[PDB]
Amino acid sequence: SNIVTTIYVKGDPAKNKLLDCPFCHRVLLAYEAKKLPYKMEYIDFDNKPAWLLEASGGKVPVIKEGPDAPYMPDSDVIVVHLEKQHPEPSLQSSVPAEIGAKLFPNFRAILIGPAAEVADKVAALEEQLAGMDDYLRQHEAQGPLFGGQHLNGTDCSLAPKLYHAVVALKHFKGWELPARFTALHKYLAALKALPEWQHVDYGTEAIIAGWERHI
């Protein structure tokens, strides 16, 4: 489509099926939150087009706003460009940067790291989840998401990583999100209630299959 923005994401083109990339997920959630129209183009990681090597080093997400626009990679560049070009609806965030900053790396080091550092990585992960949980609790009058009642830039970045964390850790390690992280559990329920989240939910098997590719 030359009519709306194209978002190249990880998918199965032969089945028109979105897959599990959390950074693609972040861009997609950003577009849904601003109710901007888009069209998904699925990249099969076992058969990537040669031009994607030049545009992004082989990576997704990539967007393409039209025939005269260039390809633009990096979910960070994309969401900031998004906020500059479309200030309404806003996705700007008061949340400090340090929060959730090591959720995904610690969770990954748990899944696919050396055993000797696993105990430490578990500890660090739980500090991250503690930070997010406390933050959502102190702001729960504004709403259950980092953006109160609606999706935030922090929601768009952190909710996919948390999704991968709970699903993959429960499947591969029997690990579970403690019941004391109340605000995290109602955060997950709130996200699962959102139509923006429902539109681009790839599902838990997509996550499992994505990570089985490395364990």
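For every residue, the number given is its place in the sequence shown, counted from 1.
Stretches 115 to 123 and 100 to 108 differ in mean CA B factor, with 115 to 123 having the higher one.
Legend: mean Cα B-factor per stretch from the PDB entry, 79 to 87 versus 136 to 144; the higher mean is in 136 to 144. The PDB entry gives the largest Cα B-factor of the residues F172, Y31, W51, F45 to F45. You'll see in the entry that, of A193, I207, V200, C24, the Cα B factor peaks at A193. Split the chain's modelled residues into thirds by C-alpha temperature factor. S56 is in the lowest one. The entry lists a Cα temperature factor for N152 that places it in the middle third of the chain's modelled residues.
Per the deposited record, the Cα B-factor of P178 falls in the highest third when ranked against the other modelled residues of its chain. When the CA B factors of the chain's modelled residues are split into thirds, the value for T5 lands in the lowest one. When the CA B factors of the chain's modelled residues are split into thirds, the value for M72 lands in the lowest one.
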